[PDB]
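In: sharing an experimental structure here, sequence included.
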2 protein chains.
Amino acid sequence: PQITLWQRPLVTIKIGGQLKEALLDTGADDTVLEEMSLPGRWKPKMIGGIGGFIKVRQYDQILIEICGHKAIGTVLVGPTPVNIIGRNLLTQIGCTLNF
Amino acid sequence: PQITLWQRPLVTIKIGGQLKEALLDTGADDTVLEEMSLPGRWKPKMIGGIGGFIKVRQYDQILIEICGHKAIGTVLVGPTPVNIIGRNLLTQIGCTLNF
Ligand SMILES: CNC(=O)[C@@H](NC(=O)[C@H](OCc1ccc(-c2cccnc2)cc1)[C@H](O)[C@@H](O)[C@@H](OCc1ccc(-c2cccnc2)cc1)C(=O)N[C@H](C(=O)NC)C(C)C)C(C)C
């Protein structure tokens, strides 16, 4: 579809059988979700953004559905104020910026 | 043009007669630029990012050219790791997300 930016580009995503709201963020290199439980091993990591860095748990090869489109990739879990879908997954669903 | 997301969507912007690179950021409500000098009075604003909140200087009706597209709007100046072109300006140049 074509999503305008008059409002925040929020979409529904499905991960681990849970339905959640997330922001399509072209400014984010990675995907970061609110604290939740995921299967498998994880690695500690620090990610920075506006306001500084936060500590997150890194899980690889996680399956996520974005507006029907399935995508696999790394997902970071931590104290983020909003769920962020970054470029690592945006590319997988063929999302592009146009003007 | 059509921009893919395999790399950061960095573009060249012109402001105050100078060229700088910035990120087309759909995850940002506002446009935030690294410390610089701008004309006029400024007002205070507190913005929140992934790592917390930071104080910035708000300048209004600032002319900024993004990839040949002229825009005039509000720009925030503060301690940001990178220049960010937010939705307030992306809408002015007709930018949309597609997939
Ligand atoms: C390498 N690091 C990244 O790639 C990081 N990217 C960013 O932070 C992007 O910024 C560019 C950027 C790129 C690289 C580095 C970097 C770092 C270290 C080293 N090198 C480069 C630093 C910044 C984002 O799109 C940013 O813009 C946006 O984040 C999403 C968001 C939206 C709403 C609330 C939110 C907060 C409070 C209430 N409601 C919502 C909280 C967060 C955000 O903070 N939006 C704000 C917003 O819209 N707030 C409402 C505006 C005002 C900026 C990711 C790991 C998340």
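Out: Here it is on my side, so go on. Residues are numbered from 1 along each chain as shown, chains lettered A, B, ... in the order given.

In: which SS class is residue A:36?
Out: Here residue A:36 is coil, with the state taken from DSSP: H, G, I helix; E, B strand; the rest coil.

In: ok, it touching residue A:16?
Out: Yes - Residue A:36 lies in contact with residue A:16 (CB atoms under 8 Å); the separation is 7.2 Å. (C-beta placed from N, C-alpha, C; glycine too.)

In: helices of chain A, residue ranges please.
Out: Using DSSP state H, the helices of chain A run over A:87-90.

In: and it, which of its residues are near the ligand?
Out: A:23, A:25, A:27-30, A:32, A:47-50, A:81-82, A:84 (CB under 6 Å from any ligand atom).

In: among those residues, which ones are in strands?
Out: A:23, A:32, A:47-49, A:84 (DSSP state E).

In: now, the most widely separated pair of these?
Out: A:23 and A:48 (17.3 Å; CB to CB).

In: buried subset of the ones in strands among the residues of chain A next to the ligand, written for PyMOL?
Out: The buried subset of those, as determined by 16 or more other CB atoms under 10 Å in any protein chain shown, is captured in PyMOL by this line:
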select buried, chain A and resi 23+32+47+49+84
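
In: out of the ones in strands among the residues of chain A next to the ligand, flag the one nearest to chain B.
Out: Checking these against chain B with CB to the nearest CB, the nearest one is residue A:49 at 3.2 Å.

In: hey, which strand is longest across chain A?
Out: Chain A, longest strand under DSSP E: strand A:52-66.

In: partner strands of that strand, parallel or antiparallel?
Out: Strand A:52-66 has the following strand partners under DSSP bridges: strand A:10-15 (antiparallel), strand A:43-49 (antiparallel), strand A:69-77 (antiparallel).

In: mind listing residues that contact it?
Out: A:11, A:13-15, A:22, A:31-32, A:38, A:40-47, A:70-80, A:85, A:89, A:93, B:49-52 (CB atoms under 8 Å, 6 or more residues apart in numbering or on different chains).

In: pretty sure residue A:93 contacts residue B:97?
Out: No - with contact defined as CB under 8 Å, residue A:93 does not count as touching residue B:97 (10.6 Å).

In: list the beta-bridge partners for the residue nearest the centre of chain A.
Out: The centre of chain A sits closest to residue A:85, judged by CA atoms, centre = their mean, with a distance of 2.6 Å. For residue A:85, the beta-bridge partners under DSSP bridges are residue A:24.

In: which residues touch it?
Out: By CB under 8 Å, 6+ apart, the contact set of residue A:85 is A:11, A:13, A:22-25, A:28, A:31, A:66.

In: quick check, distance from the longest strand of chain A to the centre of its chain.
Out: Computed by CA atoms, centre = their mean, to the nearest Å, the chain-centroid distance of strand A:52-66 equals 7 Å.
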